[PDB]
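Form deposited in one PDB entry, single chain, as structure tokens, below.
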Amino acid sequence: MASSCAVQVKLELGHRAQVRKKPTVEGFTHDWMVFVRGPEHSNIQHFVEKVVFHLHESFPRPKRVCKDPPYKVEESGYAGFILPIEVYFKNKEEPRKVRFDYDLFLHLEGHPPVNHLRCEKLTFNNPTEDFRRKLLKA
């Protein structure tokens, strides 16, 4: 074994938020949608087991898991927050996952809707053969 391999994949993290016309009963003022995907519709399912979106404690059932695309959550509330996103790979070893602190921000009323995209590069050094294969079918 001399041959070394480095694999990169691109994730995208992003979200939409817009002002409701009529606030909800809880006084939710905004509707929003956060998600994770690969670019140009790449099958990230090949190497992603699951994604967990950690909503703020103010949310009931805050820890939201998607095992299958689309990796997203659609919700209503009243303010933005730091939104930890855990992406879990189909990997027998390190890294088993990765954490991002996703700035889920809203805009005030009178301002345009949020439409935010955060591109993220992951690098893997000398994954197993199995994981290298899933990574690269993606």
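All residue numbers are counted from 1 along the displayed sequence.
Another form, the form solved in complex with a partner chain, is not on view; read the next lines as being about it.
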TODO: Consider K63 of the chain shown here, and say whether it contacts the partner chain in the entry with it bound, taking contact as heavy atoms within 4.5 Å.
DONE: yes
Open item on the list: in the entry with it bound, is there a heavy atom of the partner chain that lies within 4.5 Å of any heavy atom of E74, even though the partner is absent here?
Closed with: yes
TODO: Using a 4.5 Å heavy atom cut-off, state whether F89 contacts the partner chain in the entry with it bound.
DONE: no
Open item on the list: My question is simply whether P95 lines the interface with the partner chain in the entry with it bound - judged by any non-hydrogen atom within 4.5 Å.
Closed with: no
